[PDB]
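Encoded as structure tokens, the following chain is the form deposited in one PDB entry, with no partner shown.
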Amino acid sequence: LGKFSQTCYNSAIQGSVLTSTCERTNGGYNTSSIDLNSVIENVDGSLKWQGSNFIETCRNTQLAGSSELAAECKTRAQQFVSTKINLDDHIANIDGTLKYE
């Protein structure tokens, strides 16, 4: 899925719009743009793709009271991620001995 970058050139973003010059099927080139506002969204600070997943990922739906939809929904897949923390923030040398402060 996707992978435009493998056959497009001079790609650029300006505001919400992606522009690039892409190889046509039969050897030519074409410059075109796509407005990302219609395909990505900001959820609490993090960009994600827009789509539907409610049927795919939720279960045991109920109506509570007059208008509350309640359900059980599956959280994101687990992965390993690289992380770091600076030990100098809280680890001190206290007369020759390492101590948290």
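Residue numbers run from 1 along the displayed sequence. We call the rigid core whatever largest set of C-alpha positions still superposes within 1.5 Å between the two forms. Shifts are known only where both forms have a C-alpha.
Per-stretch averaging of Cα B factors for 9-17 and 73-81 places 73-81 on top. Residue-level temperature factors show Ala64 in the highest third of its chain, judged at the C-alpha atom.
When the modelled residues of the chain are ordered by C-alpha B-factor, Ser52 sits in the highest third.
There is also a form deposited in another entry; it is not shown, and the following applies to it.
Relative to the superposed core, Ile91 undergoes a Cα shift of 2 Å or more between the shown form and the other one. With a cut-off of 2 Å and the rigid core superposed, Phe54 has a Cα displacement that reaches or exceeds the cut-off between the shown form and the other one. In the core-superposed comparison between the shown form and the other one, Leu36 has its Cα shifted by less than 2 Å. Cα-Cα spacing of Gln6 to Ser82 is enlarged in the other entry versus the present form (difference of at least 3 Å). Taking a Cα shift of 2 Å or more after superposition on the rigid core as the cut-off, the single stretch of three or more consecutive residues that moves between the shown form and the other one is 51-101.
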